[PDB]
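> Structure in structure tokens, see below.
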Amino acid sequence: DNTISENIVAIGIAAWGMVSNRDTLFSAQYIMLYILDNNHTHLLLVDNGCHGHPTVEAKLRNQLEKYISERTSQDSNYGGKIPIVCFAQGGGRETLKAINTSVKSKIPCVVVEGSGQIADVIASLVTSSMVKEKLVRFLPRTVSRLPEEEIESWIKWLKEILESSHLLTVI
Amino acid sequence: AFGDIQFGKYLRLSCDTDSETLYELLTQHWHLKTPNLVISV
Amino acid sequence: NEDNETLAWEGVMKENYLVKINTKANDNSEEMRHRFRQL
Amino acid sequence: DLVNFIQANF
């Protein structure tokens, strides 16, 4: 919609295995085990695993973001570095892993919204028993499905994220 | 093998590929640098 | 093609107008009863 | 060219 109305730059990073259809190629064009958007200008595919449900592109994404943090920008109004912002409106294992990886670095000051998800629980939180109780009230199906060890790991991740409130902001 | 699917261009990136090299190639070949960026999860 | 592009642009303007009219009603009220209820 | 750069990246 915006481009129909300087061009916007969108990069979508995913895993090759997750792609349902594989095309090999001069230029090759196709018309539309996970579907992929055809609207983003740029797309990247990882080469870690084939036909694997788990996604390994998160590590490459985090490495790219960290490198972007350590960059020079003189014409910009910043102090040489390029500002970075992370959005985590959704909730889940992948979202929390990305949050932890980003917050491990200082630059990725995370900003989150109020939509119903684990991010909402994180916003509400900003000890262990209270966090666990809040997580239980967040999603009954998600907490029930998660094993006890998985729930403990989730609570540990939430505590780690809350351990650094300086870099976290919530609308 | 990379391909310019039309229905933009997409190129597969190896997990072991260096971030610096791919970023430099992308900036030099495709478009200008970004004064700001946001990553959404 | 071109006609479809013009229609898509018109739909974008329609979405903008719908957003504007929707926010007009919300902004009309000068009292923030939500804040009072939260308090 | 672009093709050579893509091949090198691969």
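So you can find residues: chains in the structure tokens are A, B, ... in the order shown, residues in each start at 1, and ligands are numbered from 1 in order.
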Give me, as a VMD selection string, the residues of chain A touching chain D, with the criterion being at most 12 Å (counting only C-alpha atoms).
chain A and resid 25 to 27 45 to 47
> Counting only C-alpha atoms, which residues of chain B fall within 6 Å of chain A, and what is the closest atom pair for each with its distance in Å at one decimal, ordered by chain and rising number, as JSON lines?

```
{"residue": "B:1", "atom": "CA", "partner": "A:24", "partner_atom": "CA", "distance": 5.2}
{"residue": "B:3", "atom": "CA", "partner": "A:27", "partner_atom": "CA", "distance": 5.2}
{"residue": "B:4", "atom": "CA", "partner": "A:27", "partner_atom": "CA", "distance": 5.3}
{"residue": "B:5", "atom": "CA", "partner": "A:29", "partner_atom": "CA", "distance": 4.2}
{"residue": "B:6", "atom": "CA", "partner": "A:29", "partner_atom": "CA", "distance": 4.9}
{"residue": "B:7", "atom": "CA", "partner": "A:31", "partner_atom": "CA", "distance": 5.6}
{"residue": "B:8", "atom": "CA", "partner": "A:41", "partner_atom": "CA", "distance": 4.7}
{"residue": "B:9", "atom": "CA", "partner": "A:42", "partner_atom": "CA", "distance": 5.9}
{"residue": "B:10", "atom": "CA", "partner": "A:43", "partner_atom": "CA", "distance": 4.6}
{"residue": "B:11", "atom": "CA", "partner": "A:44", "partner_atom": "CA", "distance": 5.6}
{"residue": "B:12", "atom": "CA", "partner": "A:45", "partner_atom": "CA", "distance": 4.3}
{"residue": "B:13", "atom": "CA", "partner": "A:46", "partner_atom": "CA", "distance": 5.3}
{"residue": "B:14", "atom": "CA", "partner": "A:47", "partner_atom": "CA", "distance": 4.7}
{"residue": "B:15", "atom": "CA", "partner": "A:47", "partner_atom": "CA", "distance": 5.5}
{"residue": "B:19", "atom": "CA", "partner": "A:64", "partner_atom": "CA", "distance": 5.4}
{"residue": "B:36", "atom": "CA", "partner": "A:83", "partner_atom": "CA", "distance": 5.6}
{"residue": "B:37", "atom": "CA", "partner": "A:84", "partner_atom": "CA", "distance": 5.7}
{"residue": "B:38", "atom": "CA", "partner": "A:85", "partner_atom": "CA", "distance": 4.9}
{"residue": "B:39", "atom": "CA", "partner": "A:86", "partner_atom": "CA", "distance": 5.0}
{"residue": "B:40", "atom": "CA", "partner": "A:87", "partner_atom": "CA", "distance": 4.5}
{"residue": "B:41", "atom": "CA", "partner": "A:88", "partner_atom": "CA", "distance": 4.9}
```
> Would you return as a PyMOL selection string the members of chain C that DSSP assigns to helix (DSSP H, G or I) on this structure's backbone?
chain C and resi 2-28+33-38
> Please produce an output containing N, CA, C and O atoms for each residue in the selection, written as a short mmCIF file (atom, residue, chain, number, x, y, z; two decimals), in the first residue's frame.

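Final output, selection.cif:
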```
data_model
loop_
_atom_site.label_atom_id
_atom_site.label_comp_id
_atom_site.auth_asym_id
_atom_site.auth_seq_id
_atom_site.Cartn_x
_atom_site.Cartn_y
_atom_site.Cartn_z
N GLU C 2 -2.99 -0.93 -15.19
CA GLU C 2 -3.06 0.46 -14.78
C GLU C 2 -4.39 0.76 -14.09
O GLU C 2 -4.42 1.44 -13.05
N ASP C 3 -5.49 0.26 -14.64
CA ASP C 3 -6.78 0.43 -13.98
C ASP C 3 -6.79 -0.24 -12.62
O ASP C 3 -7.32 0.31 -11.65
N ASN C 4 -6.19 -1.43 -12.52
CA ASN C 4 -6.09 -2.10 -11.23
C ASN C 4 -5.25 -1.28 -10.25
O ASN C 4 -5.57 -1.21 -9.06
N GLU C 5 -4.18 -0.66 -10.74
CA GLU C 5 -3.36 0.19 -9.88
C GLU C 5 -4.16 1.39 -9.37
O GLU C 5 -4.09 1.74 -8.18
N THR C 6 -4.94 2.03 -10.25
CA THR C 6 -5.76 3.15 -9.82
C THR C 6 -6.80 2.71 -8.80
O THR C 6 -7.06 3.42 -7.81
N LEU C 7 -7.42 1.55 -9.02
CA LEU C 7 -8.40 1.05 -8.06
C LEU C 7 -7.76 0.73 -6.72
O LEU C 7 -8.35 0.99 -5.67
N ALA C 8 -6.55 0.16 -6.73
CA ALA C 8 -5.85 -0.11 -5.47
C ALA C 8 -5.52 1.19 -4.74
O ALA C 8 -5.66 1.27 -3.52
N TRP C 9 -5.09 2.21 -5.48
CA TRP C 9 -4.84 3.51 -4.86
C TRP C 9 -6.11 4.09 -4.26
O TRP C 9 -6.10 4.63 -3.15
N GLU C 10 -7.23 3.97 -4.99
CA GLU C 10 -8.50 4.46 -4.47
C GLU C 10 -8.89 3.70 -3.21
O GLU C 10 -9.44 4.29 -2.27
N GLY C 11 -8.64 2.39 -3.18
CA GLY C 11 -8.89 1.63 -1.97
C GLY C 11 -8.02 2.07 -0.81
O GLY C 11 -8.45 2.07 0.34
N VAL C 12 -6.77 2.44 -1.10
CA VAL C 12 -5.89 2.96 -0.05
C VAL C 12 -6.47 4.25 0.52
O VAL C 12 -6.51 4.46 1.75
N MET C 13 -6.93 5.15 -0.35
CA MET C 13 -7.55 6.38 0.13
C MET C 13 -8.83 6.08 0.91
O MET C 13 -9.14 6.77 1.89
N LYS C 14 -9.59 5.07 0.48
CA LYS C 14 -10.78 4.67 1.23
C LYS C 14 -10.41 4.19 2.63
O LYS C 14 -11.09 4.51 3.60
N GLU C 15 -9.34 3.40 2.74
CA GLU C 15 -8.89 2.95 4.05
C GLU C 15 -8.48 4.13 4.92
O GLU C 15 -8.80 4.17 6.11
N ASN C 16 -7.78 5.10 4.33
CA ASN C 16 -7.40 6.29 5.09
C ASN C 16 -8.63 7.04 5.57
O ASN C 16 -8.69 7.48 6.73
N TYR C 17 -9.63 7.20 4.71
CA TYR C 17 -10.85 7.90 5.09
C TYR C 17 -11.59 7.15 6.20
O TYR C 17 -12.12 7.77 7.13
N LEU C 18 -11.66 5.82 6.09
CA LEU C 18 -12.30 5.03 7.14
C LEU C 18 -11.58 5.20 8.47
O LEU C 18 -12.22 5.38 9.51
N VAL C 19 -10.24 5.16 8.45
CA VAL C 19 -9.48 5.37 9.67
C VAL C 19 -9.78 6.74 10.25
O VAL C 19 -9.98 6.89 11.46
N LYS C 20 -9.83 7.77 9.40
CA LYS C 20 -10.07 9.13 9.87
C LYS C 20 -11.44 9.25 10.52
O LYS C 20 -11.58 9.82 11.61
N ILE C 21 -12.47 8.73 9.86
CA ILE C 21 -13.82 8.85 10.41
C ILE C 21 -13.94 8.05 11.70
O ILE C 21 -14.63 8.46 12.64
N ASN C 22 -13.27 6.89 11.77
CA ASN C 22 -13.30 6.11 13.00
C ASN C 22 -12.63 6.85 14.16
O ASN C 22 -13.15 6.84 15.28
N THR C 23 -11.48 7.49 13.91
CA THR C 23 -10.81 8.20 15.00
C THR C 23 -11.54 9.48 15.37
O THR C 23 -11.36 9.97 16.48
N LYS C 24 -12.33 10.05 14.45
CA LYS C 24 -13.05 11.27 14.77
C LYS C 24 -14.01 11.06 15.93
O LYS C 24 -14.08 11.89 16.85
N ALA C 25 -14.75 9.95 15.92
CA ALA C 25 -15.67 9.67 17.02
C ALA C 25 -14.93 9.50 18.34
O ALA C 25 -15.36 10.01 19.37
N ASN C 26 -13.81 8.78 18.32
CA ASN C 26 -13.04 8.57 19.55
C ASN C 26 -12.49 9.88 20.08
O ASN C 26 -12.52 10.13 21.30
N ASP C 27 -11.99 10.74 19.20
CA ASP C 27 -11.42 12.02 19.63
C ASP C 27 -12.49 13.03 19.99
O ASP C 27 -12.18 14.03 20.65
N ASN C 28 -13.74 12.81 19.58
CA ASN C 28 -14.80 13.76 19.90
C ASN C 28 -14.99 13.90 21.40
O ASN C 28 -15.15 15.01 21.92
N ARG C 33 -12.89 8.50 30.20
CA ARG C 33 -13.52 7.64 31.19
C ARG C 33 -12.72 6.36 31.41
O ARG C 33 -12.81 5.75 32.48
N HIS C 34 -11.94 5.94 30.41
CA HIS C 34 -11.11 4.76 30.59
C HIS C 34 -10.09 4.97 31.71
O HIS C 34 -9.87 4.08 32.54
N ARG C 35 -9.47 6.15 31.75
CA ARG C 35 -8.51 6.44 32.81
C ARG C 35 -9.19 6.47 34.17
O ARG C 35 -8.63 5.98 35.16
N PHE C 36 -10.39 7.04 34.25
CA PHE C 36 -11.11 7.08 35.52
C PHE C 36 -11.46 5.67 35.99
O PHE C 36 -11.32 5.35 37.17
N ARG C 37 -11.91 4.81 35.06
CA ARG C 37 -12.21 3.43 35.42
C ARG C 37 -10.95 2.70 35.87
O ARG C 37 -10.99 1.90 36.82
N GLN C 38 -9.83 2.94 35.20
CA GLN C 38 -8.57 2.32 35.60
C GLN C 38 -8.16 2.77 36.99
O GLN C 38 -7.68 1.97 37.80
#
```
